[PDB]
Amino acid sequence: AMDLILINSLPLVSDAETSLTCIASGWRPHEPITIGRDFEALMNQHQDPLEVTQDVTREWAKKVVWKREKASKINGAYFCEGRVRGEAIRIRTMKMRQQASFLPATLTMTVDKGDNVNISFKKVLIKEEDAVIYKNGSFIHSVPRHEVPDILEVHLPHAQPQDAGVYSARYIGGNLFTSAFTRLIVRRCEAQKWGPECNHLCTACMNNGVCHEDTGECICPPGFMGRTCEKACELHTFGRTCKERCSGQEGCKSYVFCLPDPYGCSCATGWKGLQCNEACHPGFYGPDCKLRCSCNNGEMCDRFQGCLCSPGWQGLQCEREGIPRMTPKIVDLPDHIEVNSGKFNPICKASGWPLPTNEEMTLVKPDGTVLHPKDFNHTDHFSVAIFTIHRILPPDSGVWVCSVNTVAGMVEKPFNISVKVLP
Amino acid sequence: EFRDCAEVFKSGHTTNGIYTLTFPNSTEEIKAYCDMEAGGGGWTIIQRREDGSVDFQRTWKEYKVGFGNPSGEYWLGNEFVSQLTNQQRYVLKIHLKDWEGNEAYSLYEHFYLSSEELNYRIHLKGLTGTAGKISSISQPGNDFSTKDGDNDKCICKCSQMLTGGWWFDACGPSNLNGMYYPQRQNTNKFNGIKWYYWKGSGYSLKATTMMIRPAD
Ligand SMILES: *[C@@H]1O[C@H](CO)[C@@H](O[C@@H]2O[C@H](CO)[C@@H](O[C@@H]3O[C@H](CO)[C@@H](O[C@H]4O[C@H](CO)[C@@H](O)[C@H](O)[C@H]4NC(C)=O)[C@H](O)[C@H]3NC(C)=O)[C@H](O)[C@H]2NC(C)=O)[C@H](O)[C@H]1NC(C)=O
Ligand SMILES: *[C@@H]1O[C@H](CO)[C@@H](O[C@@H]2O[C@H](CO)[C@@H](O)[C@H](O)[C@H]2NC(C)=O)[C@H](O)[C@H]1NC(C)=O
Ligand SMILES: *[C@@H]1O[C@H](CO)[C@@H](O[C@@H]2O[C@H](CO)[C@@H](O)[C@H](O)[C@H]2NC(C)=O)[C@H](O)[C@H]1NC(C)=O
Ligand SMILES: [Ca+2]
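Here the protein sequences line up with chains B and A, keeping their order. Residue numbers for the first sequence, in the authors' numbering: 23 to 445. Residue numbers for the second sequence, in the authors' numbering: 280 to 495.
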């Protein structure tokens, strides 16, 4: 219904040009895509107009490039909206001097309500001064010059949600922009639990995917798809279903991806780093390679997909034999339609061995409404989900999208409907 | 007549109270507050911080001759405290009370300042106490700084930064002269009355009594 993906061209700004890219892949968003300083988060930020020109390497996305030597007022907190039927969707990040004095050792940090956490900061250009931590642009505390840690921590046991924000770190004497940033993200519920009162269980996710404590689904890491994120996309891809090619020759060796807040900002699967310039030591594999290949019978561990089991066996770790699962395909679907204002019943018929179910099948109106099936069929191969729409009128014409998402992958195929009027 | 409070005490004047003293080797008199009913009895309050009262962000010269009435909070005046110290040998006892409902002291075995043309550099040795294992007042006493007294080590100016005069290092673990913040506002404040090692950098003490004696 809305796949936004903010891109941070190296959050560590140097003499070189940096940029922000808020791509909307899949939906031809109606409400215009926004970008800009997220004033609330990092407070006291200087209010400067940043030109948001359009980008033409991807179908629908706006960008923000801070021209060399001109990159002076770029530090702080930015974000970018999307907005579907009345609702929202935003992705926040940070831009900081590569120089500075300290370094986040990570831009984001996800935890569940009640985790003891350690917001760290690497000391790098030691000066004869005091240390100071700043949440949201507000002072919290300082460290006396003579006893300034090596890996300046900030301990918060049992973090609540209203305890998240942007923690900074600077040597007392220095700009509120010479600081080093890093975001901490707490979610309303505890791990694996979501709900209007956290009384429902999250669709357990693999390959380091986080779960939205509002819906129950996973926001996979740039590189994997599927209701549980177990599916390894095409090498060097990204996007809610993978249909977005990392540009730059060396795969994604320089892109810091950021997804909807329940996730954060991680490198694409295959790179370790603060600028994601580093590939991954052998044996590990996910995003920021936080994943250790526990491949059973000693199989190849690919720094992007994981284990490459021998034919006959599959599994995150090859711990299971069985008929190989094949992702879905929305098959047999016209590109046009031409229907008359009236009772209407669209249908999505989709393949895949892990076979979809009406739980896993939707139809999305152009404005972005999600529509569930009214009655479900089924057969040897393919699932048939019939939708019913009260009175479909002319203004509904446009680009609808049959969308199937199982545990073996996600797929969307659009069609152009054109409701006309009967004489 | 009376140089410091000890001479008042030994003169049997054992009663907490305001008294008039006189500069050593001079005919100038400076009033102050003696804390007889206290520890050993016979302390010369060089400063107090019990409530809002009168501010402290004052001219370097104000921190020179002193300000505030001795009835409540005041600073007395570095010059008197400078000379009155090299005469004999004095200690220093720092006592403060926090909001939550506690209290602790810190006792230095020896204290003294220096020439105005040396910016009243402080020197404290032999540290004891309940408010720390490390001297909260920046070791290697720095010069006394004020609004216009940039004689610190920050590559910046700690005084205009932390409000009030104090022996700031590059903005040390202490400043007992900094915005008296009320009960429900005594936290995560930088320009507040802090003694670090006993509370936190973000704490603003409720009380602050700095006093001196020799070794009676
Ligand atoms: C980063 O962290 C800082 C704190 O360290 C956050 O800033 C403070 O946030 C609190 C919590 O919201 C806020 O408290 C609110 O204060 C206002 C006024 O003092 C009260 O009034 C609200 O309602 C009235 C109507 O009666 C409106 O007229 C006010 O405009 C409105 N307040 C505002 C300005 O939004 C609130 O009731 C009170 N909250 C409650 C119920 O406790 C402080 O005012 C904020 N102070 C500072 C330092 O800015 C900051 O929000 C946070 N940033 C984020 C979003 O992460
Ligand atoms: C699912 O329901 C649909 C619609 O109610 C049915 O699809 C039609 O099936 C008949 C055969 O009975 C075909 O001749 C039509 O071509 C189908 N309609 C379409 C989409 O063109 C079907 O009965 C159900 N599917 C199954 C196999 O149960
Ligand atoms: C939806 O499909 C219809 C197909 O008829 C499009 O209508 C016209 O298609 C002709 C085909 O060559 C084009 O010359 C015109 O540009 C289209 N006219 C209109 C209405 O713009 C229609 O454009 C399609 N809409 C979308 C969003 O693809
Ligand atoms: Ca200075």
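Think of the CB as a built atom: it goes at the ideal place given N, C-alpha and C, for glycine as much as any other residue.
Closer than 8 Å at the beta carbon, the chain A residues around residue i
i	result
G187 of chain B	None at all; the shortest Cβ gap to chain A is about 13 Å.
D37 of chain B	Near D37 of chain B there are no residues of chain A at all, since even the closest Cβ is about 24 Å away, more than 8 Å.
Burial state of residue i, where buried means 16 or more other Cβ atoms lie within 10 Å
i	result
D357 of chain B	exposed
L147 of chain B	exposed
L444 of chain B	exposed
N97 of chain B	buried
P349 of chain A	buried
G159 of chain B	buried
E379 of chain A	exposed
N304 of chain A	exposed
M116 of chain B	buried
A311 of chain A	buried
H163 of chain B	buried
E352 of chain A	buried
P171 of chain B	exposed
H258 of chain B	buried
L32 of chain B	buried
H394 of chain B	exposed
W88 of chain B	buried
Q271 of chain B	exposed
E382 of chain B	buried
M490 of chain A	buried
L178 of chain B	buried
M348 of chain B	exposed
Chain B contact residues for residue i, given Cβ-Cβ distances below 7 Å
i	result
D448 of chain A	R167
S480 of chain A	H163 and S164
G451 of chain A	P166
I416 of chain A	Ordered by position in chain B, no residue passes the 7 Å Cβ test against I416 of chain A, which lies about 11 Å from the chain.
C435 of chain A	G195
Integer Cβ distance of residue i from residue j, believed to fall under 8 Å
i	j	result
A122 of chain B	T200 of chain B	6 Å
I325 of chain A	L300 of chain A	Actually they do not touch by this definition, with Cβ atoms about 12 Å apart.
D25 of chain B	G344 of chain B	Contact doesn't hold; Cβ gap of about 31 Å is too wide.
Inter-residue spacing [alpha-carbon to alpha-carbon] between residue i and residue j
i	j	result
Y482 of chain A	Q367 of chain A	35 Å
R328 of chain A	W474 of chain A	13 Å
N465 of chain A	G457 of chain A	12 Å
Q462 of chain A	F281 of chain A	39 Å
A99 of chain B	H222 of chain B	33 Å
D152 of chain B	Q69 of chain B	28 Å
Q120 of chain B	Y476 of chain A	33 Å
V441 of chain B	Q297 of chain B	49 Å
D324 of chain B	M118 of chain B	32 Å
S288 of chain B	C329 of chain B	21 Å
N295 of chain A	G321 of chain A	9 Å
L281 of chain B	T384 of chain B	22 Å
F398 of chain B	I352 of chain B	15 Å
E169 of chain B	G320 of chain B	47 Å
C315 of chain B	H303 of chain B	11 Å
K432 of chain A	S417 of chain A	11 Å
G428 of chain A	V208 of chain B	45 Å
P166 of chain B	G248 of chain B	49 Å
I113 of chain B	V188 of chain B	14 Å
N381 of chain A	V429 of chain B	59 Å
Contact list for residue i against chain A, beta-carbon separation under 9 Å
i	result
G159 of chain B	The premise fails here: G159 of chain B is roughly 13 Å from chain A at the closest Cβ pair, so nothing lies under 9 Å.
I141 of chain B	Going along chain A, no residue has its Cβ under 9 Å from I141 of chain B, so there is no contact; the nearest lies around 15 Å.
Interface partners of residue i on chain B, CB under 8 Å
i	result
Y475 of chain A	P166
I373 of chain A	Those within 8 Å of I373 of chain A in chain B number zero; the least Cβ separation is about 17 Å.
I472 of chain A	Those within 8 Å of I472 of chain A in chain B number zero; the least Cβ separation is about 15 Å.
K432 of chain A	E150
Interface residues of chain A facing residue i [CB-CB closer than 7 Å]
i	result
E175 of chain B	Here the premise fails: no neighbours, minimum Cβ distance about 15 Å.
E252 of chain B	Per Cβ cutoff of 7 Å: no residues; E252 of chain B is ~44 Å from chain A at best.
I241 of chain B	Here the premise fails: no neighbours, minimum Cβ distance about 33 Å.
Per-residue contacts from residue i into chain B (C-beta, under 9 Å)
i	result
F469 of chain A	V154, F161, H163 and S164
Got a list of residues with beta-carbon closer than 5 Å to any non-hydrogen atom of ligand 2, in chain order?
B:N399, B:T401 and B:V406
So if I measure from each beta-carbon to every heavy atom of ligand 1 and keep distances below 5 Å, which residues remain?
B:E62, B:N158, B:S160 and B:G187
In chain order, what are the residues with a CB under 7 Å from some non-hydrogen atom of ligand 3?
B:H358, B:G420, B:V421, B:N438 and B:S440
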